[PDB]
Amino acid sequence: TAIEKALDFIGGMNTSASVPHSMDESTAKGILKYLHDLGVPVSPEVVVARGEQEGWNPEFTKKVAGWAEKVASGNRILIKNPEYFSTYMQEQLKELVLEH
């Protein structure tokens, strides 16, 4: 599913870092905002669950979960360099959502 693939992308980032790198932040936020706009939100709990499972840096999980919370709040979110969330990733997620 789109949500599972989204979590995979995030899992392929530098999950070990306490403070996510700029590319990772921009890309993680992009993924979250995009899926939420598509009607398939990624809840902060599905994020935390994933973070605990794969054993990411808990501080990293906290950040990704906090971004998913801002997205889920319905408010706008600042994404510094949005281009890092590639067209490949976007079209892949769009494809998975539509096939459901």
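So for the sequence shown, PDB author numbering puts the first residue at 11; every next one is plus one. All residues carry an ideal CB built from backbone N, CA and C; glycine is no exception.
Cβ-based neighbour list, residue i, same chain, cut-off 7 Å, excluding 5 preceding and 5 following
i, result
"residue 34", "23, 24"
"residue 39", "77, 87, 89"
"residue 92", "36, 40"
"residue 27", "67, 70"
Beta-carbon contacts of residue i that lie in its chain and below 6 Å, excluding the five residues immediately before and after
i, result
"residue 10", "This structure gives no information on residue 10, because the portion of the chain shown stretches from 11 to 110."
"residue 66", "25"
"residue 73", "30"
"residue 17", "60"
Close-in-space but distant-in-sequence residues of the same chain around residue i (CB under 8 Å, 5 per side omitted)
i, result
"residue 43", "81, 87, 89"
Inter-residue CB distance, residue i and residue j (contact presumed, cutoff 8 Å)
i, j, result
"residue 56", "residue 20", "Contact flag wrong, Cβ pair sits at about 11 Å."
Open item on the list: Measuring CB atoms only, is the stretch 48-63 touching the stretch 73-80, in the sense that at least three cross pairs come out at less than 8 Å?
Closed with: Under the Cβ criterion (8 Å, minimum of three pairs), the stretch 48-63 counts as touching the stretch 73-80.
Open item on the list: Tell me whether the stretch 93-109 and the stretch 56-63 touch, counting them as touching only if at least three CB pairs, one residue from each stretch, are closer than 8 Å.
Closed with: Contact between the stretch 93-109 and the stretch 56-63 is absent, because fewer than three Cβ pairs lie under 8 Å.
- [ ] Identify every run of the beta strand (DSSP E) within the stretch 28-89, keeping only runs that are complete inside it and at least 3 residues long; order them along the chain.
- [x] DSSP runs (the beta strand (DSSP E)) wholly in the stretch 28-89: none.
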